[PDB]
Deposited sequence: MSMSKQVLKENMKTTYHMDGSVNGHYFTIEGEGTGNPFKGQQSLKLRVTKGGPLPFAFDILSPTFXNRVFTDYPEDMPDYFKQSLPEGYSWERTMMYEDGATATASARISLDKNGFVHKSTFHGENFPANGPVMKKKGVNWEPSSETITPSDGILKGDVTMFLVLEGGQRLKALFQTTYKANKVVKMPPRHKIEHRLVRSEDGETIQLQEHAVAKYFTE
């Protein structure tokens, strides 16, 4: 079942403006507190010519602090798990897509993802590797016919402090019928750190009722 300390192994295959790359890593976190920490390495196609932050949100809503009386679509999906599909529309014209499948093995979660972003402006901040961190955000979660749809306006803070706006839209799909929550929101905090060899991501997510 779910432990207070859960591990994850990560694998991503991606391409950005025609450049292919692979990323692998491991994570640990507390699914009930909605906290997780990840350590990632670029295993193919490094060094990445683009800002890593475009990838960060691709790297699992099981790690969300849900209120006791709200149905938890993601924890209910276990042990079979769930998958999601996402579109990401940047205000400077780039549109990327991503997908992930969340499953379990004997060691913990298996997180397998893909990422495609093939029209980032060549002269823009993503391709100049200017990203630093995403602002805290609030994702609206809307149920319908056994799936959840998420909508969140994102702001990528750049090296100068300029913000780059993006609209993220996600469909979350469990493999079985689960008790469905009402429309609600999830507040996200995502922090990236680097050291020349590895990328660390730390995320905190908390679900709340509207009003």
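In sequence order, the deposited residues that have no C-alpha coordinates form the ranges 1-6, 66, 219.
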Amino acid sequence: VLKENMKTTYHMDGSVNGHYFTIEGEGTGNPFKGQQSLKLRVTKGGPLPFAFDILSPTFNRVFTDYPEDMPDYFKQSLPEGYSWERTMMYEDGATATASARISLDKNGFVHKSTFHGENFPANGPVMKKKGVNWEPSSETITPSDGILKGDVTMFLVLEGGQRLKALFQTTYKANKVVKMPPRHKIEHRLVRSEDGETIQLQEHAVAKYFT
From here on, numbers count along this sequence of modelled residues.
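Looking at 147-155 and 27-35 together, the entry lists the larger mean B-factor for 27-35, computed on C-alpha atoms. The mean Cα B-factor in the deposited entry runs higher for 99-107 than for the other of 113-121 and 99-107. Note on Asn60, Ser56, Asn175, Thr171: the highest value goes to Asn175, judged by CA B factor as recorded. Residue-level temperature factors show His11 in the middle third of its chain, judged at the C-alpha atom. Annotation for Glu80: C-alpha temperature factor in the highest third relative to the rest of the modelled chain, per the entry. Per-chain ranking of the deposited C-alpha B factor places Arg189 in the lowest third. When all modelled residues of the chain are sorted by CA temperature factor, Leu40 is found within the lowest third.
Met180: CA B factor lies in the highest third for its chain, per the PDB record.
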